[PDB]
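Top to bottom, those sequences are chains A and A'. A prime marks a further copy of an entry chain. 1 is the number of the first residue of the first sequence in the deposited numbering; add one for each residue after it. 1 is the number of the first residue of the second sequence in the deposited numbering; add one for each residue after it. All C-beta atoms in this analysis are idealised placements derived from N, C-alpha and C, irrespective of residue type, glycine included.
There are 2 protein chains.
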Amino acid sequence: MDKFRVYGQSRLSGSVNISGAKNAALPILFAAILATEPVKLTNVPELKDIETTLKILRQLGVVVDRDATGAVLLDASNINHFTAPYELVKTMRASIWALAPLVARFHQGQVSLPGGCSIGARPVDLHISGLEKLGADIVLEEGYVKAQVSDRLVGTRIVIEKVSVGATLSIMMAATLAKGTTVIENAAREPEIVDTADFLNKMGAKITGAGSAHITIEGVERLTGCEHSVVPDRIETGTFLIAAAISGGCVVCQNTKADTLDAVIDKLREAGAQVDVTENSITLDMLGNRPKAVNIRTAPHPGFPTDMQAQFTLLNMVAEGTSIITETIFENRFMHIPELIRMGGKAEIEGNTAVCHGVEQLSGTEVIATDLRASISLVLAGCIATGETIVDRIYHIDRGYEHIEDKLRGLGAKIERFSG
Amino acid sequence: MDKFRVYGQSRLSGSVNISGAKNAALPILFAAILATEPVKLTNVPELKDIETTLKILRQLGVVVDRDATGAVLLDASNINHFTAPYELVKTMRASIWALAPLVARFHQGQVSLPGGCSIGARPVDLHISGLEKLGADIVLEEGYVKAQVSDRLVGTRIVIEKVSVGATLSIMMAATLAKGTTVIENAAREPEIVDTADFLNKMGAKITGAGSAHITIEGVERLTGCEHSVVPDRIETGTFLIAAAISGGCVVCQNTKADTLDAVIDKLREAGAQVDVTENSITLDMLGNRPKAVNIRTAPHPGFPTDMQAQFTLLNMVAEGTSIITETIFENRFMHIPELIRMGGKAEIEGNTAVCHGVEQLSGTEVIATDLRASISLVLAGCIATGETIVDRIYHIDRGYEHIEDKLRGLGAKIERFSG
Ligand SMILES: CC(=O)N[C@H]1[C@@H](OP(=O)(O)OP(=O)(O)OC[C@H]2O[C@@H](n3ccc(=O)[nH]c3=O)[C@H](O)[C@@H]2O)O[C@H](CO)[C@@H](O)[C@@H]1O
Ligand SMILES: CC(=O)N[C@H]1[C@@H](OP(=O)(O)OP(=O)(O)OC[C@H]2O[C@@H](n3ccc(=O)[nH]c3=O)[C@H](O)[C@@H]2O)O[C@H](CO)[C@@H](O)[C@@H]1O
């Protein structure tokens with residue numbers, strides 16, 4: 001079981017290159033099940049979630065591999081299996097995205113129903129419901145969501161009652177091959193949804209409104225292929241900007257997208273940080289100052305992203321003053337708080353809210369990671385805490401961050417991967 | 001990684017012997033740190049939690065082992081180490097109970113601060129707070145809760161603002177050796193607390209009011225030793241009564257305690273079960289009938305116990321009608337719902353409430369265990385579901401149930417433990 005050994009107080013400063021969004025690459029890879037011609041994806045991060053997706057894709061008949069240039073070449077021209085197996089699905093619930101394109105293109109699909117997840121209740125009722133409105137017959141047999149449709153899907157008006165990133169993407173994917181026009185009202189607006197829509201359009205789709213709560217899709221017979229550069233990862237960017245904010249350092253993020261982090265950037269400024277945004281980079285200079293506590297409320301884009309919640313919890317735990325953190329997306333995503341309390345942090349939880357009291361310094365000790373995106377807060381804490389910190393079960397971190405040790409070391413952090 | 005293979009529909013009927021309460025044996029074993037003379041505990045279940053406690057106890061200088069008769073012999077006359085190490089504490093947060101007796105008897109103690117736990121936020125602020133009111137100086141250093149006191153503790157009035165089983169037990173333990181009298185208002189009333197108090201009294205303690213919200217303890221210089229038979233486990237009993245209730249069978253639980261399951265028994269009757277209570281046994285006969293849905297609201301004893309919540313969720317998922325399950329103890333203890341949904345169950349979660357719709361039959365498939373007490377619901381589901389069911393990560397089950405496969409097989413269930 002790999003662990004991270006991170007050392008005493010450090011000023012995190014320097015340059016770091018931002019990779020493509022994990023959550024844009026993932027849905028794009030599943031959407032690729034629709035491509036009848038070669039696909040070439042660039043700027044795809046190198047982390048476990050991508051590898052798992054490739055394993056699922058390959059067992060469907062898709063030929064896909066990353067070459068020496070780092071680009072992902074994919075050929076889905078001969079899919080001959082239409083099931084995403086339980087053995088793989090259980091490791092990454094996002095694989096539910098395989099159902100939509102499979103049934104839209106091949107009129108049948110099967111995916112293991114995602115079970116429980118630590119961070120909260122995550123049913124996929126909205127995905128099923130949306131596909132059913134497009135004309136799909138779906139049943140649950142032996143733990144598998146089985147979808148079938150006698151003819152091409154049929155576009156129609158669809159109002160998702162809850163703001164859902166996943167459901168918005170499943171429905172949109174399926175809608176690209178449906179007969180007529182589909183309209184997704186109350187659609188999630190996340191930047192990854194915009195990128196997937198742009199990807200599909202480059203292959204012949206006709207999607208407009210992506211980024212808004214009103215999506216319009218004019219179905220087509222089939223999609224071809226394309227080359228696509230994945231949109232910069234706003235969460236990785238936010239995470240590194242936070243690295244400087246919590247250490248009083250100065251960090252420059254390269255290859256960023258200016259407008260996908262407004263909520264995060266505003267909070268960093270509210271906390272006392274100076275941030276400079278150029279078309280392709282973002283620089284945060286904490287001017288060697290301690291952060292000022294700021295309240296946080298997670299919500300769908302463009303509001304504050306839940307994937308940046310833990311990162312900001314850490315910022316608040318070392319800031320000056322008291323703050324209120326409210327999580328409205330996943331009601332049980334505070335696992336990092338008690339791990340941070342072990343390091344000297346001060347906070348109290350009540351429902352979906354946490355009230356933190358900032359402290360001057362954290363102290364190193366052993367802590368456990370459990371959330372692929374949120375747990376990064378523990379590694380960051382190790383970088384600014386006194387003495388030594390041991391972050392166990394970092395395999396979670398490897399699912400949501402590429403070359404995390406190299407990128408952090410590049411900012412002055414003393415971190416080494418070991419086992420035993 | 002061990003898993004359970006359980007087979008198709010079965011009527012669970014027969015006799016099963018109930019063991020001592022895991023949660024009475026655990027606090028009693030930590031309370032034993034106070035004993036200056038030999039201790040002999042009988043009716044102690046054989047499950048992982050006991051083994052972990054013994055490992056912690058042994059590294060303190062306590063000589064303790066279960067003999068061939070199954071009895072646990074303990075000698076804490078020569079404790080020479082006063083730290084419960086992170087390596088052990090992280091596997092069972094209940095080890096926090098080691099701090100109270102250590103500081104009360106040796107005036108110093110050290111225990112790793114429990115980190116995060118899947119089922120919910122579980123701080124121990126009340127334990128620390130209570131010990132501090134008794135005269136202990138406590139600090140958090142390098143992830144360890146360090147307690148110290150220059151002289152014997154001093155008894156005083158203590159009002160725990162929240163109903164807490166753990167805090168009620170830490171404070172009571174420490175109070176037995178404090179100077180003067182301690183009064184614990186708003187104390188938790190659980191049967192295991194009554195049993196621990198009876199155990200301590202047999203060693204010279206002077207505790208009255210256990211079982212009520214008002215505990216009175218007259219401190220003494222030192223405690224001696226005794227022989228004690230652990231109180232029957234109400235949760236294991238409830239679990240087996242439920243086995244019959246969900247399968248229309250008839251089960252007889254031997255060596256039970258009549259009055260520790262009133263809430264559970266009433267709900268079973270509300271659900272259509274016939275239950276006969278004798279001084280030493282409880283029999284549930286479902287008369288081969290399907291259960292009638294019943295609402296559930298968890299709360300401190302004598303209300304409905306959270307440790308029986310999943311078990312009843314399963315009962316509701318196969319009952320007739322709709323039900324509302326509200327969890328007020330641990331807000332994130334519904335992990336079993338999505339695993340049960342995979343088996344054909346119907347339910348929707350909203351906050352700390354789950355609304356279930358009973359179905360006629362469940363269907364076998366693979367599911368994952370994650371809660372030492374709650375996950376037993378998944379194994380039970382396997383017993384009544386059609387076809388085959390695979391319950392993975394049963395090591396959790398082994399922490400909270402002794403010889404679970406043997407006891408279930410003894411009721412007609414087809415279950416086998418395997419790996420790979
Ligand atoms: C692979 C991926 O991109 N994962 C991201 C995606 O997850 P995810 O796909 O789950 O995001 P959703 O926006 O769909 O849903 C968030 C909330 O909606 C609920 N819900 C969702 C679907 C449904 O059918 N029914 C339902 O009740 C969920 O239980 C949860 O409370 O968005 C989250 C919020 O930005 C991120 O933290 C995840 O990292
Ligand atoms: C070893 C053992 O006996 N474990 C049992 C014990 O756990 P446990 O010792 O945690 O029980 P508690 O009754 O003390 O507490 C339950 C609730 O109180 C909160 N709390 C508790 C202590 C504290 O200092 N601060 C605080 O906020 C917890 O976060 C939780 O929400 O009771 C639970 C409820 O019967 C059972 O499900 C556990 O299996």
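Cβ shell of residue i (< 6 Å), same chain only, five flanking positions each side left out
i, result
"residue 408(A)", "415"
"residue 144(A)", "110 and 112"
"residue 41(A')", "72 and 228"
"residue 301(A)", "189 and 190"
"residue 10(A)", "383, 412 and 413"
"residue 240(A)", "16, 251 and 253"
Spatial distance of residue i from residue j (CA atoms)
i, j, result
"residue 208(A')", "residue 303(A')", "22 Å"
"residue 50(A)", "residue 58(A)", "12 Å"
"residue 360(A')", "residue 325(A')", "19 Å"
"residue 211(A)", "residue 194(A)", "5 Å"
"residue 137(A)", "residue 168(A)", "19 Å"
"residue 404(A)", "residue 296(A)", "25 Å"
"residue 52(A)", "residue 199(A)", "21 Å"
"residue 153(A')", "residue 24(A')", "25 Å"
"residue 122(A)", "residue 179(A')", "52 Å"
"residue 298(A')", "residue 363(A)", "38 Å"
"residue 139(A)", "residue 342(A')", "12 Å"
"residue 79(A')", "residue 233(A')", "30 Å"
"residue 257(A')", "residue 43(A')", "13 Å"
"residue 15(A)", "residue 260(A)", "20 Å"
"residue 381(A')", "residue 175(A')", "44 Å"
"residue 371(A')", "residue 329(A)", "23 Å"
"residue 348(A')", "residue 170(A')", "37 Å"
Cβ neighbours of residue i in the same chain (closer than 8 Å, five flanking residues each side left out)
i, result
"residue 271(A')", "245, 291, 292, 293, 294, 315 and 319"
"residue 55(A')", "88"
"residue 346(A')", "317, 356, 357, 358 and 359"
"residue 47(A')", "22, 398, 399, 400, 401 and 402"
"residue 248(A)", "11, 286, 287, 288, 289 and 290"
"residue 1(A)", "392, 393, 395 and 419"
Sequence-distant residues of the same chain with beta carbon closer than 7 Å to residue i, five excluded per side
i, result
"residue 206(A)", "217, 218 and 220"
"residue 427(A)", "As displayed, chain A neither begins before 1 nor continues past 420, which places residue 427(A) out of reach and without an answer."
"residue 133(A)", "156 and 158"
"residue 149(A')", "103, 107, 135, 136 and 137"
"residue 172(A')", "184, 197, 207, 215 and 217"
"residue 202(A)", "226 and 228"
"residue 93(A)", "114, 117 and 122"
Original post:
Listed in chain order, which residues are found with a beta carbon closer than 7 Å to a heavy atom of ligand 2?
Top reply: Taking every residue with its beta carbon within less than 7 Å of a heavy atom belonging to ligand 2 gives, in chain order, 23(A'), 26(A'), 27(A'), 94(A'), 120(A'), 121(A'), 122(A'), 123(A'), 124(A'), 125(A'), 126(A'), 127(A'), 162(A'), 163(A'), 164(A'), 165(A'), 166(A'), 167(A'), 188(A'), 190(A'), 192(A'), 300(A'), 305(A'), 306(A'), 307(A'), 329(A'), 330(A') and 373(A').
**OP:** Closer than 9 Å, Cβ to Cβ, to anything on chain A': give me those residues from the region 122-145 of chain A, in chain order.
**Re:** Per Cβ criterion, the list reads 122, 123, 125, 140, 141, 142, 143 and 144.
Original post:
Do the region 296-314 of chain A and the region 262-269 of chain A meet, that is, are 3 or more Cβ pairs less than 8 Å apart?
Top reply: Contact between the region 296-314 of chain A and the region 262-269 of chain A is present, because at least three Cβ pairs lie under 8 Å.
**OP:** Identify each residue in the region 334-345 of chain A for which the Cβ-Cβ distance to at least one residue of chain A' is less than 8 Å, and report them in chain order.
**Re:** Going along the region 334-345 of chain A in chain order, one finds 334, 335, 336, 337, 338, 339, 341, 342, 343 and 344 with a Cβ nearer than 8 Å to chain A'.
Original post:
Which residues, taken in chain order from the region 370-402 of chain A', show a beta carbon closer than 8 Å to some beta carbon of chain A?
Top reply: If you check each beta-carbon in the region 370-402 of chain A' against every beta-carbon of chain A, the ones closer than 8 Å belong to 370 and 387.
Original post:
If you pair each beta-carbon of the region 95-104 of chain A' with each one of the region 25-34 of chain A', do three or more pairs fall below 8 Å?
Top reply: The region 95-104 of chain A' makes contact with the region 25-34 of chain A', as at least three CB pairs between them are under 8 Å.
Original post:
Mind listing which residues of the region 218-234 of chain A have their C-beta closer than 7 Å to chain A''s C-betas, in chain order?
Top reply: So nothing in the stretch comes that close.
Original post:
Hey, is the region 343-358 of chain A' in contact with the region 391-398 of chain A, meaning 3+ C-beta pairs nearer than 8 Å?
Top reply: Contact check between the region 343-358 of chain A' and the region 391-398 of chain A: fewer than three CB pairs, one atom from each, fall below 8 Å, which does not count as touching.
Original post:
Are the region 62-71 of chain A' and the region 118-132 of chain A' touching by the rule of at least three beta carbon pairs closer than 8 Å?
Top reply: Between the region 62-71 of chain A' and the region 118-132 of chain A' there are fewer than three C-beta pairs closer than 8 Å, too few to call the two in contact.
Original post:
Are three or more beta carbon pairs between the region 379-393 of chain A and the region 2-11 of chain A nearer than 8 Å?
Top reply: By the C-beta criterion, the region 379-393 of chain A is judged to be in contact with the region 2-11 of chain A, since at least 3 inter-stretch pairs fall below 8 Å.
Subject >> Meets three-Cβ-pair contact criterion under 8 Å: the region 180-188 of chain A' and the region 160-168 of chain A' >> reply: Short answer: they touch.
Original post:
Which residues, in order along the region 244-260 of chain A, keep a beta-carbon less than 8 Å from a beta-carbon of chain A'?
Top reply: Cβ contacts with chain A' come from no residue of the region 244-260 of chain A.
Original post:
Given a limit of 8 Å on CB to CB distance, which residues of the region 312-337 of chain A reach chain A'?
Top reply: Of all residues in the region 312-337 of chain A, the ones placed with a Cβ closer than 8 Å to any Cβ belonging to chain A' are 331, 332, 334, 335, 336 and 337, in chain order.
**OP:** For the region 353-371 of chain A', enumerate the residues whose C-beta is nearer than 8 Å to any C-beta of chain A, in chain order.
**Re:** For chain A, the residues of the region 353-371 of chain A' that bring a beta carbon within less than 8 Å of one of its beta carbons are 363, 364, 365, 366, 367, 368 and 370, in chain order.
Original post:
If contact means a Cβ-Cβ distance below 9 Å, which residues of the region 100-118 of chain A' contact chain A?
Top reply: So the close ones are 112, 113, 114, 115, 116, 117 and 118.
Original post:
Going along the chain, which residues of the region 79-100 of chain A sit with their C-beta nearer than 8 Å to a C-beta in chain A'?
Top reply: If the cut-off is 8 Å between Cβ atoms, the region 79-100 of chain A has 86 and 90 near chain A'.
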